[PDB]
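The figures here come from the full heavy-atom set of this structure, side chains too, leaving out hydrogens, waters and symmetry mates. In what follows, chains are A, B, ... by sequence order, proteins preceding strands, each numbered from 1. Indexing begins at 1, ligand by ligand and atom by atom, following the structure's order.
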2 protein chains.
Amino acid sequence: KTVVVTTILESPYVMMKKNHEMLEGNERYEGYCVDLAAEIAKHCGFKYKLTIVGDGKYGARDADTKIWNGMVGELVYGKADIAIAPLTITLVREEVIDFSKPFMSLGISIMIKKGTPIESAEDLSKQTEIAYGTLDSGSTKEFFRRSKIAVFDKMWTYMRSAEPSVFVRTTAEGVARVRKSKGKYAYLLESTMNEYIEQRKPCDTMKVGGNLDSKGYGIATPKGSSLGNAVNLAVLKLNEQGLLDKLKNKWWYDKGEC
Amino acid sequence: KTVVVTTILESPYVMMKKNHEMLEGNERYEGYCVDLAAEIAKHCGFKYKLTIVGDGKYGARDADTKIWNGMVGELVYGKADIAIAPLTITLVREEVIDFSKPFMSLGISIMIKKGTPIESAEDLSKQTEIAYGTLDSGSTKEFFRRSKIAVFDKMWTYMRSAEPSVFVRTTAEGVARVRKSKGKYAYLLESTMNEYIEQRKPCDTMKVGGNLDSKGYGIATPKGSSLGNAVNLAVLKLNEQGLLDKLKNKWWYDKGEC
Ligand SMILES: Cc1onc(O)c1C[C@H](N)C(=O)O
Ligand SMILES: Cc1onc(O)c1C[C@H](N)C(=O)O
Ligand SMILES: [Zn+2]
Ligand SMILES: [Zn+2]
Ligand SMILES: [Zn+2]
């Protein structure tokens with residue numbers, strides 16, 4: 001049986017090729033995760049179909065209904081067999097789905113438009129002139145929502161009630177906001193994305209300060225999946241063979257335009 | 001009943017207290033992993049007994065006898081119920097024992113005596129005046145033995161045949177060799193240990209270049225252990241609350257001597 005892979009359109013992990021209009025199936029996409037899916041399928045020996053998550057979300061649980069959305073939801077409800085994307089390994093997710101050992105290490109970071117008077121989270125939490133937010137339905141928003149350390153707690157208090165909303169639907173929306181805000185908006189996103197955007201035209205943003213935490217991305221499968229074990233060993237094998245490092249350089253800096 | 005924890009005497013993870021001679025059981029030790037063992041046990045709800053691995057090794061499988069040594073061996077043969085130490089998650093090890101999601105992210109790095117004309121792995125591979133080696137029976141030596149990228153394979157070809165041996169039995173042994181070699185010996189060890197020693201008197205060593213790879217440490221249990229699930233969730237919980245970051249600052253920098 002062909003394994004249904006759920007993923008998300010997020011550069012440079014998964015993007016439609018320039019000429020996708022004349023291409024079919026998995027051939028329409030390119031990116032780090034597209035190359036990764038290919039390797040994993042090769043080592044685990046299976047056929048697969050790449051599908052883009054319907055609601056375009058990573059995955060969070062509705063507090064009222066307790067229903068999971070995004071890619072996590074597609075796995076939880078049997079709509080997908082595996083998720084290959086920049087999906088963060090977290091406690092709440094690990095309780096409902098399975099994760100392979102990380103294929104990428106990262107942390108939450110701050111994105112600013114070049115020139116804005118911000119050097120750290122501390123600096124953001126001490127002022128109100130510059131607005132800041134995070135992605136919705138993801139691990140980053142949950143990070144601030146559940147943080148007890150002073151600076152991050154203060155930040156959550158501000159963001160949670162901010163008006164207009166400081167939260168965005170997609171990473172692209174958060175980046176666009178930083179770029180057209182004349183420096184009045186700062187975006188909190190994972191270092192991987194931040195570093196990627198920093199090397200792309202118009203080269204007007206930059207990552208400032210160190211990472212707020214240390215975590216990683218993992219390939220997720222539904223609880224009790226027969227693919228879990230093989231995938232996990234496959235990830236380890238690829239990291240050790242150097243493939244993962246190869247892919248990182250291929251999509252991040254060999255393609256950098258700044 | 002009581003969970004037998006295997007660990008290794010490696011500063012600042014596990015060290016004998018100055019007055020351990022007048023203390024009993026677990027109270028005889030201190031360090032990052034000792035602090036971590038206390039928390040894991042608290043959250044998982046079990047009593048434990050800390051024990052230092054007999055052969056003082058991390059773990060590798062003997063080529064011919066096929067017998068695992070070190071902490072990995074303790075778990076494989078049933079001598080310990082869990083290992084809490086700076087044990088690297090690798091494919092060959094995950095094939096015989098279980099690992100929790102990582103509690104620390106690190107990579108192989110180079111340690112030199114201050115003033116040594118070495119800035120990277122490429123620099124070491126292109127010269128012969130400065131010798132270099134790694135730890136025995138560990139993931140670092142295996143990394144080089146299995147590497148297929150030019151620079152690293154070149155380094156392995158040299159190391160595996162260098163005389164006298166460039167490999168050491170313990171981290172401390174490698175650090176001493178660097179300090180006593182007047183710049184003629186460089187040591188390859190994980191960035192975590194490198195960063196730690198850099199802050200220890202006489203403050204004569206330094207980490208140079210970027211990391212050669214990206215990986216992490218995980219708490220290990222015998223395959224199929226009933227402790228596996230809870231321990232993994234405990235690590236994720238503790239990382240998200242910031243404990244792991246707190247512990248590294250405590251043992252690495254708050255106690256720095258340089
Ligand atoms: C990618 C990405 O970049 N910043 C973010 O918050 C995310 C989403 C995050 N990796 C998640 O799994 O929710
Ligand atoms: C700690 C440490 O530091 N450098 C090293 O090679 C090691 C050992 C390594 N973590 C292992 O598991 O073999
Ligand atoms: Zn391959
Ligand atoms: Zn709702
Ligand atoms: Zn606790």
- prompt: Where's the contact between B:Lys57 and ligand 2, heavy-atom distance under 4.0 Å: side chain, backbone, both or neither?
  reply: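 Neither; no heavy atom under 4.0 Å.
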Does the side chain of B:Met15 come within less than 4.5 Å of B:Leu9's, by heavy atoms?
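Heavy-atom side-chain distance check fails, nothing below 4.5 Å.
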If we only count heavy atoms from C-beta on, is the B:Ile130 to B:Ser181 side-chain gap below 4.5 Å?
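Counting from C-beta outward, B:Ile130 and B:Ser181 never come under 4.5 Å.
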Output the list of atoms in ligand 2 that are nearer than 4.0 Å to some heavy atom of [X], sorted by atom number.
X        : answer
B:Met193 : 1 (C), 3 (O)
B:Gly138 : 13 (O)
B:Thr88  : 9 (C), 10 (N), 11 (C), 12 (O)
B:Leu87  : 12 (O)

Where is the nearest protein heavy atom to [atom]: which residue, which atom, and how far?
atom                    : answer
atom 6 (O) of ligand 2  : B:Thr140 OG1, 2.9 Å
atom 11 (C) of ligand 2 : B:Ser139 OG, 3.2 Å
atom 12 (O) of ligand 2 : B:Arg93 NH1, 2.7 Å
atom 7 (C) of ligand 2  : B:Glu190 OE1, 3.4 Å

Notebook entry, point to check: Could an N or O of ligand 2 be found under 3.5 Å from any N or O of B:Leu189, whether backbone or side chain?
Noted result: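 Checking ligand 2 against B:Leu189, no N or O pair falls under 3.5 Å apart.
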* Donor-acceptor pair, side chain of B:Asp153 and main chain of B:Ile149, under 3.5 angstrom ->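 A pair under 3.5 Å: no.
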Using atom types as modelled and distance alone, determine if a side-chain donor or acceptor of B:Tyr185 lies under 3.5 Å from a backbone N or O of B:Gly174.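 Looks like no, no N/O pair under 3.5 Å.
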- Task: Identify, by name, the N, O or S atom of A:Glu39 lying closest to the Zn ion (ligand 3).
- Result: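 Per the distance ranking, A:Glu39 contributes OE1 as its closest N/O/S atom to the Zn ion (ligand 3).
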Nearest to the Zn ion (ligand 3), which N, O or S atom of A:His43 do we find?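 Restricting A:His43 to its N, O and S atoms, the minimum distance to the Zn ion (ligand 3) goes to NE2.
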ask   = Quick one: do B:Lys17 and B:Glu30 make a salt bridge, cutoff under 4.0 Å?
value =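 B:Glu30 and B:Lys17: not salt-bridged.
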* With a 4.0 Å cut-off on heavy atoms, is B:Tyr217 touching ligand 2? ->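 Yes.
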Pick one: which of A:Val3, A:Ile97, A:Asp81, A:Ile82 meets side-chain contact (heavy atoms from CB on, under 4.5 Å) with A:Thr221?
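In the set A:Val3, A:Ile97, A:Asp81, A:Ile82, the residue that makes a side-chain contact (heavy atoms from CB on, under 4.5 Å) with A:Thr221 is A:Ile82.
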Under 3.5 Å, is there a donor-acceptor pair linking the side chains of [X] and [Y]?
X        : Y        : result
B:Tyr217 : B:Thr192 : yes
A:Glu142 : A:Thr90  : no
B:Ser109 : B:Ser191 : no

